[PDB]
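Here's the letter readout for the chains.
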Amino acid sequence: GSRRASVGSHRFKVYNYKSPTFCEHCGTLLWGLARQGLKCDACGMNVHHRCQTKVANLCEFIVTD
Ligand SMILES: [Zn+2]
Ligand SMILES: [Zn+2]
């Protein structure tokens, strides 16, 4: 089946956003045409590069057997 996992760290990777997107740590716009911020590979959370180390929430995602 599947489980709702909740883990201690995100897996952030630089991402190229295609529409105006806001930082899920600080709230403000991820500015630019490209490389505007980091998307978590596991849950999709978007943050600024400069906000990465400040992120304090759990990373939640569905795991399917
Ligand atoms: Zn995450
Ligand atoms: Zn931010």
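Method of determination for the deposited model, per the PDB record: X-ray crystallography, at 1.633 Å resolution.

**Considering the sheet that holds strand β3 (residues 37-40)**
In spatial order, the strands read β2-β3-β4; together these 3 strands make up an open sheet with antiparallel pairing. Of all strands in the sheet, those with a lone pairing partner are β2 (12-15) and β4 (46-47), marking the two edges.

**Some words on the coordination of the zinc ion (ligand 2)**
Taken together, the protein donors to the zinc ion (ligand 2) comprise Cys23 (SG), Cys26 (SG), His48 (ND1) and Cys51 (SG), at separations of 2.2 to 2.4 Å. One way to put it: the 4 donor atoms around the zinc ion (ligand 2) meet at angles of 98 to 116°, and that makes the site tetrahedral. Counting gaps between the donor residues of the zinc ion (ligand 2) yields the pattern C-x2-C-x21-H-x2-C. In this structure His48 comes out as buried when scored by relative accessible area, which is 4%. Accessibility expressed as a relative area gives 3% for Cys51, which makes it buried.

Reading the values: rules and limits
- Every chain's residues are listed with numbers counted from 1 in the order the sequence is written; these need not match the entry, and residues without coordinates are not shown.
- The naming scheme follows written order: chains are lettered A onward, ligands numbered 1 onward.
- Hydrogen atoms and water are omitted, and side-chain values are computed over all heavy atoms in the structure.
- For two strands to be treated as a pair, DSSP must find at least two bridges joining them.
- Put simply, DSSP marks the helices as runs of H or I at least four residues long and the strands as runs of E at least two long, and each gets a number from the N terminus on.
- Here the term donor refers to an N, O or S atom within 2.8 Å of the metal (or 3.2 Å for Na, K and Ca), and because water is left out of the atoms, sites may appear incomplete.
- In this scheme the shape depends on donor count and angles: four donors with every angle between 85 and 135 degrees give tetrahedral, four or six donors with opposite pairs above 155 degrees and others between 65 and 115 give square planar or octahedral in turn, and any other case is irregular.
- Three labels apply to residues, based on accessible area from a 1.4 Å probe with only protein chains included: buried if under 20% of the type maximum, exposed if over 50%, partly exposed otherwise in between.

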